[PDB]
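The data block below is target-v3.cif; it holds mmCIF, C-alpha atoms and all ligand atoms.
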data_data
#
loop_
_atom_site.label_atom_id
_atom_site.label_comp_id
_atom_site.auth_asym_id
_atom_site.auth_seq_id
_atom_site.Cartn_x
_atom_site.Cartn_y
_atom_site.Cartn_z
CA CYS A 162 -9.60 -2.83 56.23
CA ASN A 163 -9.99 -6.36 57.64
CA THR A 164 -13.42 -6.81 56.00
CA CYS A 165 -14.63 -10.27 54.96
CA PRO A 166 -17.81 -12.35 54.96
CA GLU A 167 -18.55 -14.04 58.26
CA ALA A 168 -16.13 -16.88 59.16
CA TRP A 169 -13.59 -15.72 56.52
CA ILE A 170 -10.19 -14.23 57.34
CA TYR A 171 -8.70 -11.13 55.71
CA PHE A 172 -5.25 -10.85 54.17
CA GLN A 173 -4.10 -8.31 51.57
CA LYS A 174 -7.38 -7.70 49.73
CA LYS A 175 -8.46 -11.33 49.83
CA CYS A 176 -10.62 -13.30 52.22
CA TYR A 177 -9.73 -16.86 53.12
CA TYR A 178 -11.79 -19.79 54.37
CA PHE A 179 -9.99 -22.48 56.35
CA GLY A 180 -12.26 -25.41 55.67
CA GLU A 181 -12.18 -28.55 57.74
CA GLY A 182 -13.57 -32.00 57.14
CA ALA A 183 -12.42 -34.85 54.93
CA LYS A 184 -12.85 -34.10 51.24
CA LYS A 185 -11.46 -35.23 47.93
CA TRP A 186 -10.13 -32.42 45.78
CA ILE A 187 -13.27 -32.13 43.66
CA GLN A 188 -15.42 -32.14 46.80
CA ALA A 189 -13.26 -29.35 48.21
CA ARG A 190 -13.59 -27.45 44.95
CA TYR A 191 -17.37 -27.48 45.26
CA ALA A 192 -17.28 -26.87 49.00
CA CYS A 193 -15.50 -23.60 48.25
CA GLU A 194 -17.95 -22.77 45.47
CA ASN A 195 -20.85 -23.43 47.85
CA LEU A 196 -19.30 -20.77 50.11
CA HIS A 197 -18.97 -18.36 47.14
CA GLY A 198 -15.21 -18.71 46.78
CA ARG A 199 -12.73 -21.00 45.09
CA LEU A 200 -9.92 -23.19 46.31
CA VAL A 201 -7.10 -20.83 47.17
CA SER A 202 -4.67 -19.42 44.64
CA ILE A 203 -1.23 -18.36 45.85
CA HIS A 204 0.76 -15.61 44.18
CA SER A 205 3.39 -14.25 46.57
CA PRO A 206 5.63 -15.31 49.45
CA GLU A 207 3.66 -13.06 51.79
CA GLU A 208 0.42 -14.80 50.88
CA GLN A 209 2.08 -18.18 51.27
CA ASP A 210 3.40 -17.12 54.67
CA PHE A 211 -0.12 -16.20 55.78
CA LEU A 212 -1.33 -19.65 54.69
CA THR A 213 1.64 -21.63 56.02
CA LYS A 214 1.17 -20.15 59.48
CA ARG A 215 -2.50 -21.15 59.51
CA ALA A 216 -2.37 -24.43 57.61
CA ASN A 217 -3.91 -27.69 58.78
CA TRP A 218 -1.08 -29.88 60.01
CA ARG A 219 -2.60 -32.92 58.32
CA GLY A 220 -2.58 -31.27 54.90
CA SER A 221 -5.08 -29.28 52.91
CA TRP A 222 -6.24 -28.86 49.34
CA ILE A 223 -5.42 -25.71 47.39
CA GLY A 224 -6.66 -24.41 44.06
CA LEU A 225 -3.89 -25.74 41.84
CA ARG A 226 -4.12 -28.72 39.52
CA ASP A 227 -2.69 -30.17 36.32
CA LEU A 228 -5.84 -32.14 35.56
CA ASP A 229 -6.28 -30.78 32.04
CA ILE A 230 -2.71 -31.09 30.73
CA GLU A 231 -0.14 -33.00 32.75
CA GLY A 232 2.58 -30.73 34.07
CA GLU A 233 0.62 -27.58 33.15
CA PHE A 234 -0.65 -26.35 36.48
CA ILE A 235 -3.58 -23.95 36.53
CA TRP A 236 -4.74 -21.82 39.43
CA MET A 237 -8.38 -21.43 40.35
CA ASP A 238 -7.92 -17.71 39.75
CA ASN A 239 -6.40 -18.39 36.30
CA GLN A 240 -3.50 -16.03 37.06
CA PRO A 241 0.10 -16.82 36.09
CA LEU A 242 2.43 -19.31 37.74
CA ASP A 243 4.43 -16.55 39.41
CA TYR A 244 5.14 -18.06 42.85
CA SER A 245 5.77 -21.63 43.98
CA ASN A 246 6.31 -23.34 47.29
CA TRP A 247 6.89 -26.94 46.21
CA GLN A 248 8.19 -29.42 48.70
CA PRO A 249 11.57 -30.55 47.32
CA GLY A 250 11.04 -33.14 44.62
CA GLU A 251 7.42 -32.18 44.07
CA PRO A 252 5.42 -32.21 41.96
CA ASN A 253 6.42 -35.78 41.19
CA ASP A 254 3.21 -37.18 39.61
CA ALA A 255 3.63 -40.25 41.78
CA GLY A 256 1.77 -43.53 41.64
CA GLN A 257 -1.00 -43.60 39.07
CA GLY A 258 -0.80 -39.84 38.62
CA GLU A 259 -1.14 -36.91 41.00
CA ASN A 260 -3.01 -34.01 39.51
CA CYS A 261 -4.31 -31.99 42.46
CA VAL A 262 -2.15 -29.89 44.76
CA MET A 263 -2.20 -29.82 48.53
CA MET A 264 -0.29 -27.98 51.18
CA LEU A 265 1.49 -30.32 53.53
CA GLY A 266 1.32 -29.51 57.22
CA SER A 267 4.41 -27.34 56.66
CA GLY A 268 2.73 -25.29 53.93
CA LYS A 269 4.97 -26.83 51.25
CA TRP A 270 3.10 -27.99 48.19
CA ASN A 271 2.72 -31.58 47.05
CA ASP A 272 0.83 -33.01 44.13
CA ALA A 273 -1.50 -35.73 45.31
CA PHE A 274 -4.05 -38.13 43.95
CA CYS A 275 -7.17 -36.06 43.39
CA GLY A 276 -9.23 -38.74 45.12
CA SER A 277 -7.28 -38.65 48.37
CA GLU A 278 -9.29 -37.37 51.32
CA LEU A 279 -7.72 -34.47 53.20
CA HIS A 280 -9.13 -32.93 56.35
CA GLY A 281 -8.31 -29.36 55.34
CA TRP A 282 -9.03 -27.23 52.32
CA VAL A 283 -8.59 -23.50 51.83
CA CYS A 284 -10.80 -21.16 49.82
CA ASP A 285 -10.28 -17.58 48.83
CA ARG A 286 -12.27 -14.71 47.39
CA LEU A 287 -11.62 -11.12 46.46
CA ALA A 288 -12.15 -8.82 49.42
CA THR A 289 -14.26 -5.68 49.05
CA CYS A 290 -11.39 -3.44 50.21
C1 LIG A 301 5.28 -36.70 52.39
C2 LIG A 301 4.01 -36.36 51.67
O1 LIG A 301 3.98 -35.52 50.77
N1 LIG A 301 2.91 -37.00 52.08
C3 LIG A 301 1.60 -36.79 51.48
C4 LIG A 301 1.34 -37.79 50.36
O2 LIG A 301 2.36 -37.63 49.39
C5 LIG A 301 2.57 -38.79 48.64
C6 LIG A 301 3.22 -38.28 47.36
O3 LIG A 301 2.40 -37.35 46.68
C7 LIG A 301 4.52 -37.60 47.68
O4 LIG A 301 5.10 -37.12 46.48
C8 LIG A 301 5.46 -38.61 48.35
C9 LIG A 301 6.79 -37.99 48.74
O5 LIG A 301 7.62 -39.01 49.31
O6 LIG A 301 4.82 -39.09 49.56
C10 LIG A 301 3.56 -39.71 49.38
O7 LIG A 301 3.65 -40.88 48.63
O8 LIG A 301 0.09 -37.53 49.78
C11 LIG A 301 -1.00 -37.74 50.69
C12 LIG A 301 -2.27 -37.53 49.91
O9 LIG A 301 -2.47 -38.54 48.93
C13 LIG A 301 -0.87 -36.78 51.87
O10 LIG A 301 -1.87 -37.10 52.83
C14 LIG A 301 0.50 -36.88 52.52
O11 LIG A 301 0.66 -35.83 53.46
CA CA A 302 0.09 -34.51 37.47
CA CA A 303 3.52 -35.89 44.98
#
Turn this file's structure into structure tokens for me.
Ligand SMILES: CC(=O)N[C@H]1[C@H](O[C@H]2[C@@H](O)[C@H](O)[C@@H](CO)O[C@@H]2O)O[C@H](CO)[C@@H](O)[C@@H]1O
Ligand SMILES: [Ca+2]
Ligand SMILES: [Ca+2]
Amino acid sequence: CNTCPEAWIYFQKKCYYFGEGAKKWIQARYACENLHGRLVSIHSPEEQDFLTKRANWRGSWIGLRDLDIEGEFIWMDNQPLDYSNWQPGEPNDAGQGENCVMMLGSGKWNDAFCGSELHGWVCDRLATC
């Protein structure tokens, strides 16, 4: 039906917001909430393909994190871990600990320090049709 709030993009019964501007993961979380969505949750290769094609080449935050329990990733939509697109070797919990997930410019996922500033962040919301 291709029906979304203004500035959002429709794909398979969800609307997506391709946010831009440097944000830490928590700032991106609340930026999405301010727009009445959440950082994006990804549950199929077709959805990943939609995002990969449109992703910010400098990287972008998504709605996946292991902040609560290390190695237990949780989606913003709280749905199961039924699809992954990890960059090879990721998540690697590098450095002091990497608990927030980004898409690299390629769309592949990397865990990163939650306080890194990325210039992209993607929100989603349920579409009305
Ligand atoms: C290559 C890459 O993923 N670069 C991003 C960087 O990633 C960290 C770390 O998380 C990766 O596991 C290793 C893989 O070699 O590389 C870097 O050390 O995280 C940054 C955010 O903190 C991103 O801006 C980079 O794109
Ligand atoms: Ca971690
Ligand atoms: Ca990593």
Q. Do you have the CA of residue 275 in chain A-CA of residue 184 in chain A distance handy?
A. 9.9 Å
Q. Counting only C-alpha atoms and all ligand atoms, which of A:191, A:177, A:274, A:172 gets nearest to ligand CA 302 (chain A)?
A.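 Of A:191, A:177, A:274, A:172, the one nearest ligand CA 302 (chain A), counting only C-alpha atoms and all ligand atoms, is A:274.
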(Q) Using Å and a single decimal, report how far CA of residue 244 in chain A sits from CA of residue 281 in chain A. (A)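 Value for the CA of residue 281 in chain A-CA of residue 244 in chain A distance: 21.6 Å.
The two atoms in question, CA of residue 162 in chain A and CA of residue 176 in chain A, are spaced 11.3 Å apart.
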**Q.** Closest of A:258, A:268, A:224, A:252 to residue 189 in chain A - atom-to-atom distances counting only C-alpha atoms
**A.**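 Once distances to residue 189 in chain A are computed over only C-alpha atoms, the minimum belongs to A:224.
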Q.
Under the rule that all atoms listed in the file are counted, which of A:231, A:285, A:243, A:181 is the nearest residue to residue 199 in chain A?
A.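 Among A:231, A:285, A:243, A:181, it is A:285 that comes nearest to residue 199 in chain A.
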Q: Find the residues near ligand LIG 301 (chain A). Use a cut-off of 6 Å, count only C-alpha atoms and all ligand atoms, and write them as JSON, numbers by chain.
A: {"A": [220, 251, 253, 255, 265, 271, 272, 273, 274, 277]}
Q. Of the residues A:218, A:247, A:270, A:178, which is the one nearest to residue 192 in chain A, using only C-alpha atoms?
A. A:178
Do a neighbour search on residue 164 in chain A at 12 Å with all atoms listed in the file, toss out local chain neighbours closer than 5 positions, and write the hits as a PDB file with C-alpha atoms, keeping the file's coordinate frame.
ATOM      1  CA  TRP A 169     -13.590 -15.720  56.520  1.00  0.00           C
ATOM      2  CA  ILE A 170     -10.190 -14.230  57.340  1.00  0.00           C
ATOM      3  CA  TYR A 171      -8.700 -11.130  55.710  1.00  0.00           C
ATOM      4  CA  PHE A 172      -5.250 -10.850  54.170  1.00  0.00           C
ATOM      5  CA  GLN A 173      -4.100  -8.310  51.570  1.00  0.00           C
ATOM      6  CA  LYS A 174      -7.380  -7.700  49.730  1.00  0.00           C
ATOM      7  CA  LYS A 175      -8.460 -11.330  49.830  1.00  0.00           C
ATOM      8  CA  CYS A 176     -10.620 -13.300  52.220  1.00  0.00           C
ATOM      9  CA  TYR A 177      -9.730 -16.860  53.120  1.00  0.00           C
ATOM     10  CA  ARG A 286     -12.270 -14.710  47.390  1.00  0.00           C
ATOM     11  CA  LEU A 287     -11.620 -11.120  46.460  1.00  0.00           C
ATOM     12  CA  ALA A 288     -12.150  -8.820  49.420  1.00  0.00           C
ATOM     13  CA  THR A 289     -14.260  -5.680  49.050  1.00  0.00           C
ATOM     14  CA  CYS A 290     -11.390  -3.440  50.210  1.00  0.00           C
TER      15      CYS A 290
END
Q | For residue 236 in chain A, the nearest of the candidates A:219, A:214, A:269, A:190, counting all atoms listed in the file | A |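 Closest to residue 236 in chain A, using all atoms listed in the file: A:190.
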Q: Using all atoms listed in the file, find each residue with an atom at most 6 Å away from ligand CA 302 (chain A) and format the answer as a ChimeraX atom specification.
A: /A:227,231-232,254,258-260
**Q.** Pick from A:263, A:225, A:183, A:279 nearest to ligand CA 303 (chain A), counting only C-alpha atoms and all ligand atoms
**A.** A:263
(Q) Neighbouring residues of residue 276 in chain A were defined as those with any atom within 8 Å, considering all atoms listed in the file; residues of the same chain fewer than 3 positions away were excluded. Please report them as number ranges by chain. (A) A: 185-187
